[PDB]
Amino acid sequence: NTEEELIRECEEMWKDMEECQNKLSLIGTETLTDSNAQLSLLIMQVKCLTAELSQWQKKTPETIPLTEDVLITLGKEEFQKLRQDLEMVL
Amino acid sequence: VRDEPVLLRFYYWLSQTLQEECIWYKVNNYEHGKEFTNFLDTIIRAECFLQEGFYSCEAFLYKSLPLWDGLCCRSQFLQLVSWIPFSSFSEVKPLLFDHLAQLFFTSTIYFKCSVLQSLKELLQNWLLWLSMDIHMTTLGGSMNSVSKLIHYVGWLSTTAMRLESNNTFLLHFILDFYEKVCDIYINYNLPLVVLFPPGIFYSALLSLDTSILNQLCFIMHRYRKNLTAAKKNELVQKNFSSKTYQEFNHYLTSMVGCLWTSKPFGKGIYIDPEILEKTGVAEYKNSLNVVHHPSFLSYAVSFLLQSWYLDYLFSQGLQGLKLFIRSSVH
Amino acid sequence: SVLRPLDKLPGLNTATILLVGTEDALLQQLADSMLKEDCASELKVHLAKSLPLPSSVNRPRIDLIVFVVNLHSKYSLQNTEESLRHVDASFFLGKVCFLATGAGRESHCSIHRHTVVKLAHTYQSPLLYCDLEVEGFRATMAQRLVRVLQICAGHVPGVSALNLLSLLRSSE
Amino acid sequence: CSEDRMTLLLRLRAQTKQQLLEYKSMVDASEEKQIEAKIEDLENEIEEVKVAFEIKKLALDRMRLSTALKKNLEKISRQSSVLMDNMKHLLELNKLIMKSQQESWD
Amino acid sequence: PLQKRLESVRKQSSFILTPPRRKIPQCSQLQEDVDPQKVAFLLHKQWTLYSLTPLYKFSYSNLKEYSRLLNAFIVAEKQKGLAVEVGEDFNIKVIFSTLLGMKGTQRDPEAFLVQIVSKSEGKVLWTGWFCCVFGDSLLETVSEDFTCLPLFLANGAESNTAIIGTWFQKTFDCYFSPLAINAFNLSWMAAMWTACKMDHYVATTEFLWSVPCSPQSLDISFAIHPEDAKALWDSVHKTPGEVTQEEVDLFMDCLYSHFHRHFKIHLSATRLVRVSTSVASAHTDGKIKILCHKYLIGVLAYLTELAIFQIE
Amino acid sequence: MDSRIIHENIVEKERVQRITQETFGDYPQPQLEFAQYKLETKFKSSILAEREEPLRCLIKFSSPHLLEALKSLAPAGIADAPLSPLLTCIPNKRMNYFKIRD
Amino acid sequence: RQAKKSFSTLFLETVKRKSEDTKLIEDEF
């Protein structure tokens, strides 16, 4: 069913994150001082923003088609919350 | 009057009084509590008359804004912001909006709605004072400031929607702002047309709420009227950026395609068609029409218990949809 | 030892915050104010006088660090300047915040707040103001700080700490 | 009771997606006036791509809900359910709100 | 315009720009117009500091009528029952008099004095002092009809101060506010007064600290010989003719370490309350006492810029 | 008590508490109001290294209940864990005014 | 090895829990 697929996806994400964490721990620590903090932080911001921009480009909407009943339940919950929001706005 | 010695006397008295009576600033007095609120109400009621703000209030805001926690005197403090004199946006940004934005992103949803209300009133006041001047910085410089303010609040709105996980209570205020924004050229005769970003448009178009769709239809109709009016006068006065026209055209084509044209797959919603076959939709062209949109589920189910029910929708009171339908087809 | 941002794997629906300062009573009151309310996540608060911390192995990963400075005391300012040299540069990318106390009573102040403004600007981080002795003011700061913590831990989709860097950036 | 696991398990999958993106961005990176402009360009680009991704995801979800809701419309008018009740209340609200909006316009 | 210049001046008061350094005060000969018998009267007295907004339509030509009206008001105020005529001779007397040679530059307005004399010459009961020394910042933003005297000093009972302040506020449309000195400014005063050169050291230099410990209370006093303090200052002073923030920090740090070596107590966690030296002494509540007639103008100028900052 | 909060530096707090209890005893302190010290020691800190004469100082402590304010300094964080013996030796030495030489 | 509890164990736990030198100064002066 859908539950098994979602669980398995969770284990793949966990395994990938464990591997990435293991790989990331081999870098040495860098500490700053009052004289050089600003420029170093600016350079690091440039590098990290450039890194994350491509990661967001790689992202694609994943399907994982769910069953029809869960969609109905989610719609019911959404309508229920919409009711309270509407009374407040009124 | 606009006499100088009286202005200076009032300035000194009011600035000293506000400094001494404030709550979180200059010895942090908490005993006055109600007295300060009453004094602020009197000041607000005095500057609603005279149609402008005092110079002392601006200095008090610029001094005491960094130390404010965002809850002490929310109503009166945020009502003082609306009466800030017109000035270039770049100058007052570090003084006011950098603190307001930092307080904005980390607070509750009611604070966000409050600041959206106050910014809408500020925009209305700035526009009111600008319109009378053209009857009498250059005009090109003046419109740049208001356009930057509109873009700033659009950025605020998009990030706020992302943080709050698409709450409709916030979306009502966000659309309330653009209701005032949409009609600037007709109301105040100032040549300026600014559209809301696609993040707001496609979050309003796909909302479950029906009042959101009604308001969006009304807003689009007002944009089309204003853009039609603006183009006419240019020929006699022969400059609006053309990109506005194509952007509005894309919005309009997507909107009509989703509703009753059965062409949902526009440039904005470019979902990959072969995924839809994997998704399981047999006929997606008519999935988001008036009949089958999840927003109109209530109306469809109600009418099913009772074909040609568009009049039923109009009777239920979808006036903006009626205007948009009548003007678009003809 | 040098504290590291991504040393350990995250826990399930858990967020952790570390408060570093000299006044212990203020830290305890702030922690209580943060924890009193109910939220969707599970919260943990760690209290420390300065960095580096005493060595331990069971410590979960830290998501956000708040440096609280007393404007009525030179000792606290010196302590924070000393503590700032034991955290790696990677940890200042949207995961550090400065909190300043005592600007309400100006007569007691031993530190000109141009100093804390310049320090916060130098280390590319936000600067917050609150008088922690007043309970009404402390209650709202606790909630603001909880929301920032939830953003930093990854519990709001689409917004991360590096994104939070641009939201809170000061023009000058 | 079964739906309880759905809510908790869905929340876990959404959190892990956000947390995994941070490690991947950090590893990739590991491998004054002039600097400041490039940062602003980069963050504008990031916002632009994020908005489009969100729009696509939301549109797909709404289309799925619409088709599934259509396929089971007949069962809904049989009614005798809490969801059917909620719909009757929703019709009452929308009407009042729209009337108030028109009055405010005038 | 003046209103716009005032607005701009206040709004450029931001915390991005660093505060400047200060020149070491230089002994200056008293002006020839200065009256020695009044100056001797002003010294060695304990004053209370206030800040004052500009006075609207104050004239130096007619001080006699001001004195007579204030006399009638004071006399009527004490006996709340019965009426008082203006020109009579009462138990107490009020005199308006003008000080000379007390202005920093040629642009500043002249100082003046107000006294309450118990006739029975008489014996002075209360005195108040209006002055402006080096006030070119405030004078630019204010029109001609006003008079700028940002600093007010009072010596006597507070119940008389309330009456005189009420009369002035009603008559000239001004605002009296107390002036306080915080630990930051007071530690700058200590170093600047130590830097000044003195031929003879009449009194020792002392600092007073307040320890915050919940329900309990504690005060610590620290006295040191003036020559020893001068040597300690000369150890750290390396910028010729100027005092820098780093030098002040080092000068305070030396005392902190000396105290901590003996008593194991962090004097940095405490709050500095009073500083007394050979030229003057000050308190955080806003009290000043001046002992040297050579360095009067420097003290008045420091306090004047402090009061100017408090109203703008 | 609210086990979510984790107190680091707990061992230092317990140690300073133990040291304060040992040094100041457990009896009610006798009530004094003043104490005076006269110092004639050399300055030892580059700074005044060549100077060979003592630095002359006189300091006083005043409190409504002295020896009770002093007891609370170390737990509050204003002093080190053991105070100097000059402060914890008032009643044992029956001394109130002191003189110290190098 | 305090048995790093498996995610599954920790998850169920949380779900279930939603119901609860004294000689150196006497030698210098």
# chains A, B, ... in the order shown; residues from 1 in each chain; ligands from 1
>>> interface_residues(of="chain F", to="chain E", cutoff="8 Å", atoms="only C-alpha atoms", output="compact mmCIF listing (two decimals) with C-alpha atoms, in the first residue's frame")
# COMPACT_ATOMS: atom_id res chain seq x y z
CA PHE F 43 51.30 47.44 41.74
CA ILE F 47 52.63 49.10 33.40
CA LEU F 48 54.61 50.71 36.23
CA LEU F 55 50.50 52.37 45.63
CA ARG F 56 48.57 54.10 48.41
CA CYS F 57 44.86 53.25 48.70
CA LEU F 58 42.06 53.22 51.27
CA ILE F 59 38.78 51.36 50.70
CA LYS F 60 35.62 50.90 52.79
CA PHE F 61 32.64 48.53 52.74
CA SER F 62 29.21 49.71 53.93
CA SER F 63 25.96 47.76 54.09
CA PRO F 64 22.85 47.56 56.29
CA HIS F 65 23.77 43.93 57.06
CA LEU F 66 27.39 43.29 56.13
CA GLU F 68 25.29 38.79 54.69
CA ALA F 69 25.84 40.70 51.46
CA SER F 72 25.84 36.00 48.61
CA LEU F 73 28.43 37.41 46.19
CA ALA F 76 25.43 35.41 42.32
CA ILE F 78 30.19 38.63 41.21
CA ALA F 79 33.14 36.99 43.01
CA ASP F 80 35.26 33.87 42.75
CA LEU F 83 36.84 34.92 48.74
CA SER F 84 40.09 36.40 49.94
CA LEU F 86 40.60 39.46 54.43
CA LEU F 87 36.82 39.35 53.97
>>> interface_residues(of="chain A", to="chain C", cutoff="8 Å", atoms="only C-alpha atoms", output="list in words")
residues 18, 21, 25, 29, 30, 31, 32, 33, 34, 37, 38, 41, 44, 45 and 49 of chain A
>>> write_last_selection(atoms="N, CA, C and O atoms", output="compact mmCIF listing (two decimals), in the first residue's frame")
# COMPACT_ATOMS: atom_id res chain seq x y z
N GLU A 18 22.60 10.09 6.13
CA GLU A 18 23.70 9.52 6.91
C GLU A 18 24.99 9.51 6.11
O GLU A 18 26.06 9.86 6.63
N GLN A 21 26.29 13.09 5.84
CA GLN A 21 26.84 13.53 7.11
C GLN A 21 28.20 12.90 7.37
O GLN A 21 29.12 13.56 7.86
N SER A 25 32.02 15.30 7.64
CA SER A 25 32.73 15.47 8.90
C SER A 25 34.24 15.43 8.76
O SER A 25 34.94 15.54 9.77
N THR A 29 37.81 22.50 11.10
CA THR A 29 37.09 23.66 11.59
C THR A 29 37.86 24.94 11.30
O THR A 29 39.09 24.98 11.36
N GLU A 30 37.13 26.01 10.99
CA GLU A 30 37.69 27.33 10.79
C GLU A 30 37.05 28.31 11.76
O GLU A 30 35.82 28.43 11.79
N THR A 31 37.87 29.02 12.52
CA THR A 31 37.39 30.03 13.44
C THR A 31 37.84 31.41 12.97
O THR A 31 38.85 31.55 12.27
N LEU A 32 37.08 32.42 13.35
CA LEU A 32 37.30 33.79 12.90
C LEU A 32 37.87 34.63 14.03
O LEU A 32 37.95 34.20 15.19
N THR A 33 38.27 35.85 13.68
CA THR A 33 38.68 36.85 14.65
C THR A 33 38.01 38.16 14.29
O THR A 33 37.38 38.29 13.24
N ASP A 34 38.15 39.14 15.18
CA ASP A 34 37.45 40.41 15.00
C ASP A 34 37.86 41.10 13.71
O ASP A 34 37.06 41.82 13.10
N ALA A 37 36.36 38.78 10.22
CA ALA A 37 35.10 38.04 10.22
C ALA A 37 34.20 38.44 9.05
O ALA A 37 33.60 37.58 8.40
N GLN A 38 34.11 39.74 8.77
CA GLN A 38 33.11 40.23 7.83
C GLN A 38 33.36 39.72 6.42
O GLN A 38 32.46 39.18 5.76
N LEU A 41 32.87 35.90 6.08
CA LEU A 41 31.46 35.53 6.08
C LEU A 41 30.79 35.89 4.76
O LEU A 41 29.95 35.14 4.26
N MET A 44 31.77 33.24 2.24
CA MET A 44 31.08 31.99 2.52
C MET A 44 29.61 32.07 2.12
O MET A 44 29.03 31.08 1.64
N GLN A 45 28.98 33.23 2.31
CA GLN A 45 27.59 33.40 1.88
C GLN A 45 27.47 33.25 0.37
O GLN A 45 26.54 32.60 -0.13
N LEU A 49 25.13 30.28 -1.23
CA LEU A 49 24.01 30.62 -2.09
C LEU A 49 24.16 29.98 -3.46
O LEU A 49 23.19 29.44 -4.01
>>> interface_residues(of="chain C", to="chain F", cutoff="7 Å", atoms="only C-alpha atoms", output="PyMOL selection string")
chain C and resi 44-48
>>> interface_residues(of="chain A", to="chain D", cutoff="6 Å", atoms="only C-alpha atoms", output="PyMOL selection string")
chain A and resi 17+46-48+51-53+90
>>> write_last_selection(atoms="N, CA and C atoms", output="PDB file, in the first residue's frame")
ATOM      1  N   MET A  17      21.115  10.780   3.875  1.00  0.00           N
ATOM      2  CA  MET A  17      21.522  11.837   4.794  1.00  0.00           C
ATOM      3  C   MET A  17      22.637  11.359   5.719  1.00  0.00           C
ATOM      4  N   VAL A  46      28.405  33.843  -0.377  1.00  0.00           N
ATOM      5  CA  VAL A  46      28.364  33.698  -1.832  1.00  0.00           C
ATOM      6  C   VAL A  46      28.450  32.228  -2.219  1.00  0.00           C
ATOM      7  N   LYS A  47      29.397  31.502  -1.625  1.00  0.00           N
ATOM      8  CA  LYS A  47      29.565  30.093  -1.980  1.00  0.00           C
ATOM      9  C   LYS A  47      28.322  29.275  -1.646  1.00  0.00           C
ATOM     10  N   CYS A  48      27.736  29.499  -0.468  1.00  0.00           N
ATOM     11  CA  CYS A  48      26.587  28.696  -0.056  1.00  0.00           C
ATOM     12  C   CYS A  48      25.351  29.006  -0.890  1.00  0.00           C
ATOM     13  N   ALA A  51      25.753  27.274  -4.129  1.00  0.00           N
ATOM     14  CA  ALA A  51      25.521  25.843  -3.960  1.00  0.00           C
ATOM     15  C   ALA A  51      24.033  25.517  -3.899  1.00  0.00           C
ATOM     16  N   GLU A  52      23.253  26.316  -3.170  1.00  0.00           N
ATOM     17  CA  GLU A  52      21.850  25.967  -2.953  1.00  0.00           C
ATOM     18  C   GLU A  52      20.994  26.268  -4.178  1.00  0.00           C
ATOM     19  N   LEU A  53      21.409  27.239  -4.998  1.00  0.00           N
ATOM     20  CA  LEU A  53      20.618  27.580  -6.177  1.00  0.00           C
ATOM     21  C   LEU A  53      20.485  26.395  -7.125  1.00  0.00           C
ATOM     22  N   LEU A  90     -15.500  37.010   8.670  1.00  0.00           N
ATOM     23  CA  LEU A  90     -16.802  37.674   8.665  1.00  0.00           C
ATOM     24  C   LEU A  90     -16.915  38.681   9.805  1.00  0.00           C
TER      25      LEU A  90
END
>>> residues_around(residues="residue 113 of chain E", least_positions_apart="6", cutoff="12 Å", atoms="only C-alpha atoms", output="list in words")
residues 38, 41, 42, 63, 67, 94, 95, 96, 97, 98, 99, 100, 102, 126, 127, 128, 129, 130, 131, 152, 153, 154 and 155 of chain E
>>> interface_residues(of="chain G", to="chain F", cutoff="8 Å", atoms="only C-alpha atoms", output="ChimeraX atom specification")
/G:22,25-26,28-29
>>> interface_residues(of="chain E", to="chain B", cutoff="9 Å", atoms="only C-alpha atoms", output="list in words")
residues 2, 3, 7, 10, 11, 53, 54, 56, 142, 143, 145, 146, 173, 174, 175, 177 and 311 of chain E
>>> interface_residues(of="chain A", to="chain G", cutoff="12 Å", atoms="only C-alpha atoms", output="list in words")
residues 7, 10, 11 and 14 of chain A
>>> residues_around(residues="residue 133 of chain C", least_positions_apart="6", cutoff="9 Å", atoms="only C-alpha atoms", output="JSON, numbers by chain")
{"C": [26, 29, 102]}
>>> select_by_dssp(residues="segment 156-279 of chain E", states="strand (DSSP E or B)", output="list in words")
residues 176, 177, 178, 205, 206, 207, 208, 209, 210, 213, 216, 219, 220, 221, 222, 223, 224, 242, 243, 265, 271, 272, 273, 274, 275 and 276 of chain E
>>> write_last_selection(atoms="N, CA and C atoms", output="mmCIF file, in the first residue's frame")
data_model
loop_
_atom_site.group_PDB
_atom_site.id
_atom_site.type_symbol
_atom_site.label_atom_id
_atom_site.label_comp_id
_atom_site.auth_asym_id
_atom_site.auth_seq_id
_atom_site.Cartn_x
_atom_site.Cartn_y
_atom_site.Cartn_z
ATOM 1 N N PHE E 176 10.893 71.762 31.966
ATOM 2 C CA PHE E 176 11.990 71.376 32.845
ATOM 3 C C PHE E 176 12.028 69.862 32.966
ATOM 4 N N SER E 177 13.205 69.275 32.764
ATOM 5 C CA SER E 177 13.357 67.842 32.939
ATOM 6 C C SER E 177 14.653 67.533 33.677
ATOM 7 N N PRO E 178 14.640 66.558 34.582
ATOM 8 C CA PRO E 178 15.873 66.195 35.291
ATOM 9 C C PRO E 178 16.930 65.652 34.344
ATOM 10 N N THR E 205 41.376 61.377 45.122
ATOM 11 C CA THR E 205 40.442 60.930 44.098
ATOM 12 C C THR E 205 39.756 59.656 44.569
ATOM 13 N N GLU E 206 38.433 59.625 44.461
ATOM 14 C CA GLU E 206 37.637 58.533 44.998
ATOM 15 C C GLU E 206 36.560 58.125 44.002
ATOM 16 N N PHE E 207 36.268 56.825 43.967
ATOM 17 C CA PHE E 207 35.205 56.256 43.150
ATOM 18 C C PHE E 207 34.272 55.464 44.052
ATOM 19 N N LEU E 208 32.983 55.463 43.732
ATOM 20 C CA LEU E 208 31.976 54.744 44.506
ATOM 21 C C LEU E 208 31.196 53.810 43.588
ATOM 22 N N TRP E 209 30.997 52.570 44.033
ATOM 23 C CA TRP E 209 30.366 51.522 43.240
ATOM 24 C C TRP E 209 29.170 50.954 43.986
ATOM 25 N N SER E 210 28.185 50.462 43.239
ATOM 26 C CA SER E 210 26.980 49.866 43.802
ATOM 27 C C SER E 210 26.854 48.431 43.312
ATOM 28 N N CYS E 213 22.762 42.781 44.543
ATOM 29 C CA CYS E 213 22.653 41.398 45.079
ATOM 30 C C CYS E 213 21.260 41.113 45.662
ATOM 31 N N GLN E 216 19.802 41.895 49.498
ATOM 32 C CA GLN E 216 20.942 42.532 50.215
ATOM 33 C C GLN E 216 21.422 43.828 49.539
ATOM 34 N N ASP E 219 27.942 48.717 49.207
ATOM 35 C CA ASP E 219 28.659 49.786 48.529
ATOM 36 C C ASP E 219 30.146 49.603 48.770
ATOM 37 N N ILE E 220 30.954 49.952 47.779
ATOM 38 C CA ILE E 220 32.404 49.886 47.887
ATOM 39 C C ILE E 220 32.970 51.237 47.489
ATOM 40 N N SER E 221 33.886 51.754 48.300
ATOM 41 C CA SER E 221 34.561 53.015 48.038
ATOM 42 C C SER E 221 36.027 52.727 47.755
ATOM 43 N N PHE E 222 36.618 53.483 46.836
ATOM 44 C CA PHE E 222 38.001 53.293 46.424
ATOM 45 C C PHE E 222 38.670 54.656 46.363
ATOM 46 N N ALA E 223 39.577 54.921 47.297
ATOM 47 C CA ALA E 223 40.305 56.180 47.346
ATOM 48 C C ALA E 223 41.781 55.926 47.084
ATOM 49 N N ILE E 224 42.422 56.857 46.386
ATOM 50 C CA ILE E 224 43.824 56.722 46.015
ATOM 51 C C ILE E 224 44.449 58.110 45.946
ATOM 52 N N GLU E 242 45.245 64.217 23.553
ATOM 53 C CA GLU E 242 43.906 63.697 23.310
ATOM 54 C C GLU E 242 43.667 62.467 24.170
ATOM 55 N N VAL E 243 42.395 62.217 24.460
ATOM 56 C CA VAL E 243 41.967 61.062 25.239
ATOM 57 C C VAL E 243 41.150 60.171 24.315
ATOM 58 N N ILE E 265 37.053 40.058 43.818
ATOM 59 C CA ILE E 265 35.726 40.570 43.506
ATOM 60 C C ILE E 265 35.781 41.270 42.159
ATOM 61 N N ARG E 271 28.176 48.844 39.314
ATOM 62 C CA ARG E 271 27.733 50.079 38.680
ATOM 63 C C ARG E 271 28.414 51.267 39.343
ATOM 64 N N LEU E 272 29.126 52.064 38.551
ATOM 65 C CA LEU E 272 29.781 53.259 39.070
ATOM 66 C C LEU E 272 28.751 54.349 39.340
ATOM 67 N N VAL E 273 28.834 54.965 40.517
ATOM 68 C CA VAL E 273 27.796 55.878 40.989
ATOM 69 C C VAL E 273 28.331 57.292 41.180
ATOM 70 N N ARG E 274 29.515 57.427 41.769
ATOM 71 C CA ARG E 274 30.058 58.747 42.053
ATOM 72 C C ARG E 274 31.544 58.772 41.744
ATOM 73 N N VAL E 275 32.011 59.910 41.236
ATOM 74 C CA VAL E 275 33.420 60.154 40.947
ATOM 75 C C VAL E 275 33.785 61.518 41.507
ATOM 76 N N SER E 276 34.814 61.565 42.349
ATOM 77 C CA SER E 276 35.284 62.807 42.949
ATOM 78 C C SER E 276 36.786 62.933 42.754
#
>>> interface_residues(of="chain C", to="chain D", cutoff="7 Å", atoms="only C-alpha atoms", output="list in words")
residues 154, 155 and 157 of chain C
>>> interface_residues(of="chain B", to="chain A", cutoff="12 Å", atoms="only C-alpha atoms", output="mmCIF file with C-alpha atoms, in the first residue's frame")
data_model
loop_
_atom_site.group_PDB
_atom_site.id
_atom_site.type_symbol
_atom_site.label_atom_id
_atom_site.label_comp_id
_atom_site.auth_asym_id
_atom_site.auth_seq_id
_atom_site.Cartn_x
_atom_site.Cartn_y
_atom_site.Cartn_z
ATOM 1 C CA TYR B 110 -2.504 39.062 13.731
ATOM 2 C CA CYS B 113 -2.568 41.539 9.338
ATOM 3 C CA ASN B 166 -1.213 29.400 2.862
ATOM 4 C CA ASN B 167 -3.651 30.671 5.479
ATOM 5 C CA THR B 168 -6.711 32.250 3.870
ATOM 6 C CA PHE B 169 -7.204 34.787 6.671
ATOM 7 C CA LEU B 170 -3.922 36.405 5.611
ATOM 8 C CA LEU B 171 -4.806 36.136 1.921
ATOM 9 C CA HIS B 172 -7.880 38.306 2.472
ATOM 10 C CA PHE B 173 -5.717 41.188 3.726
ATOM 11 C CA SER B 207 -7.913 28.608 -3.352
ATOM 12 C CA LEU B 208 -10.739 26.531 -1.903
ATOM 13 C CA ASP B 209 -12.501 29.696 -0.741
ATOM 14 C CA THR B 210 -15.080 31.119 -3.147
ATOM 15 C CA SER B 211 -14.956 34.707 -1.873
ATOM 16 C CA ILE B 212 -11.266 34.676 -2.834
ATOM 17 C CA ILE B 271 2.688 20.677 -15.795
ATOM 18 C CA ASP B 272 4.199 17.842 -17.802
ATOM 19 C CA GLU B 274 2.667 12.559 -19.564
ATOM 20 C CA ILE B 275 2.779 12.754 -15.767
ATOM 21 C CA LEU B 276 -0.976 13.385 -15.869
ATOM 22 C CA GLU B 277 -1.496 10.057 -17.641
ATOM 23 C CA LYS B 278 0.567 8.428 -14.893
ATOM 24 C CA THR B 279 -1.350 10.522 -12.355
ATOM 25 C CA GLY B 280 -4.629 8.945 -13.475
ATOM 26 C CA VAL B 281 -6.702 11.808 -14.920
ATOM 27 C CA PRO B 294 -13.153 22.234 -5.654
ATOM 28 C CA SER B 295 -14.170 25.764 -4.649
ATOM 29 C CA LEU B 297 -18.272 22.020 -4.699
ATOM 30 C CA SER B 298 -20.833 23.443 -2.285
#
>>> select_by_dssp(residues="segment 19-186 of chain B", states="alpha helix (DSSP H)", output="count of residues only")
118
>>> atom_distance(atom1="atom CA of residue 277 of chain E", atom2="atom CA of residue 44 of chain E")
13.0 Å
>>> residues_around(residues="residue 70 of chain E", least_positions_apart="6", cutoff="10 Å", atoms="only C-alpha atoms", output="PyMOL selection string")
chain E and resi 64+76+86+93-96+163-164+167-168
>>> write_last_selection(atoms="C-alpha atoms", output="mmCIF file, in the first residue's frame")
data_model
loop_
_atom_site.group_PDB
_atom_site.id
_atom_site.type_symbol
_atom_site.label_atom_id
_atom_site.label_comp_id
_atom_site.auth_asym_id
_atom_site.auth_seq_id
_atom_site.Cartn_x
_atom_site.Cartn_y
_atom_site.Cartn_z
ATOM 1 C CA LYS E 64 12.661 94.140 37.574
ATOM 2 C CA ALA E 76 0.649 84.210 47.574
ATOM 3 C CA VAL E 86 1.939 93.059 43.802
ATOM 4 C CA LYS E 93 12.457 88.963 48.451
ATOM 5 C CA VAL E 94 13.327 87.902 44.890
ATOM 6 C CA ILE E 95 16.132 89.425 42.796
ATOM 7 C CA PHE E 96 17.027 88.852 39.133
ATOM 8 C CA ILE E 163 7.267 76.867 42.528
ATOM 9 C CA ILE E 164 9.881 78.672 40.433
ATOM 10 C CA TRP E 167 6.077 80.001 37.189
ATOM 11 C CA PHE E 168 8.664 79.762 34.403
#
>>> residues_around(residues="segment 184-186 of chain E", least_positions_apart="6", cutoff="12 Å", atoms="only C-alpha atoms", output="PyMOL selection string")
(chain C and resi 71-74+106-113) or (chain E and resi 192-193+207-209+245+248-249+252+271-277+280-288+302-303+305-306)
>>> write_last_selection(atoms="C-alpha atoms", output="PDB file, in the first residue's frame")
ATOM      1  CA  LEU C  71      24.292  46.572  29.032  1.00  0.00           C
ATOM      2  CA  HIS C  72      24.819  47.353  32.732  1.00  0.00           C
ATOM      3  CA  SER C  73      27.943  45.170  33.014  1.00  0.00           C
ATOM      4  CA  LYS C  74      31.338  45.130  31.295  1.00  0.00           C
ATOM      5  CA  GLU C 106      19.658  54.379  30.363  1.00  0.00           C
ATOM      6  CA  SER C 107      21.054  55.733  33.635  1.00  0.00           C
ATOM      7  CA  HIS C 108      22.378  52.303  34.639  1.00  0.00           C
ATOM      8  CA  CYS C 109      24.108  51.659  31.319  1.00  0.00           C
ATOM      9  CA  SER C 110      27.876  51.140  31.280  1.00  0.00           C
ATOM     10  CA  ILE C 111      28.076  50.210  27.576  1.00  0.00           C
ATOM     11  CA  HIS C 112      27.246  52.478  24.664  1.00  0.00           C
ATOM     12  CA  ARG C 113      24.975  50.528  22.357  1.00  0.00           C
TER      13      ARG C 113
ATOM     14  CA  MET E 192      39.538  63.603  31.631  1.00  0.00           C
ATOM     15  CA  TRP E 193      39.824  65.235  35.058  1.00  0.00           C
ATOM     16  CA  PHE E 207      35.205  56.256  43.150  1.00  0.00           C
ATOM     17  CA  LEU E 208      31.976  54.744  44.506  1.00  0.00           C
ATOM     18  CA  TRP E 209      30.366  51.522  43.240  1.00  0.00           C
ATOM     19  CA  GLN E 245      38.290  55.331  24.381  1.00  0.00           C
ATOM     20  CA  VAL E 248      39.914  55.146  29.249  1.00  0.00           C
ATOM     21  CA  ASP E 249      39.272  51.403  29.098  1.00  0.00           C
ATOM     22  CA  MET E 252      39.685  51.573  34.385  1.00  0.00           C
ATOM     23  CA  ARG E 271      27.733  50.079  38.680  1.00  0.00           C
ATOM     24  CA  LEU E 272      29.781  53.259  39.070  1.00  0.00           C
ATOM     25  CA  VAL E 273      27.796  55.878  40.989  1.00  0.00           C
ATOM     26  CA  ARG E 274      30.058  58.747  42.053  1.00  0.00           C
ATOM     27  CA  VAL E 275      33.420  60.154  40.947  1.00  0.00           C
ATOM     28  CA  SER E 276      35.284  62.807  42.949  1.00  0.00           C
ATOM     29  CA  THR E 277      38.640  64.408  42.147  1.00  0.00           C
ATOM     30  CA  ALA E 280      35.056  68.485  40.591  1.00  0.00           C
ATOM     31  CA  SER E 281      32.778  65.688  41.782  1.00  0.00           C
ATOM     32  CA  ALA E 282      29.650  64.252  40.154  1.00  0.00           C
ATOM     33  CA  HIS E 283      26.766  61.900  40.941  1.00  0.00           C
ATOM     34  CA  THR E 284      24.558  59.808  38.664  1.00  0.00           C
ATOM     35  CA  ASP E 285      21.439  61.516  40.011  1.00  0.00           C
ATOM     36  CA  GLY E 286      22.550  64.764  38.390  1.00  0.00           C
ATOM     37  CA  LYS E 287      24.568  66.632  41.023  1.00  0.00           C
ATOM     38  CA  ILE E 288      27.800  68.564  40.438  1.00  0.00           C
ATOM     39  CA  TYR E 302      30.514  69.030  29.012  1.00  0.00           C
ATOM     40  CA  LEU E 303      27.265  69.355  30.952  1.00  0.00           C
ATOM     41  CA  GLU E 305      26.399  69.305  25.448  1.00  0.00           C
ATOM     42  CA  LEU E 306      24.879  66.546  27.581  1.00  0.00           C
TER      43      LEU E 306
END
>>> residues_around(residues="residue 53 of chain B", least_positions_apart="3", cutoff="7 Å", atoms="only C-alpha atoms", output="list in words")
residues 47, 83 and 84 of chain B
>>> atom_distance(atom1="atom CA of residue 248 of chain B", atom2="atom CA of residue 224 of chain B")
8.4 Å
>>> interface_residues(of="chain C", to="chain G", cutoff="10 Å", atoms="only C-alpha atoms", output="list in words")
residues 11, 12, 13, 42 and 58 of chain C
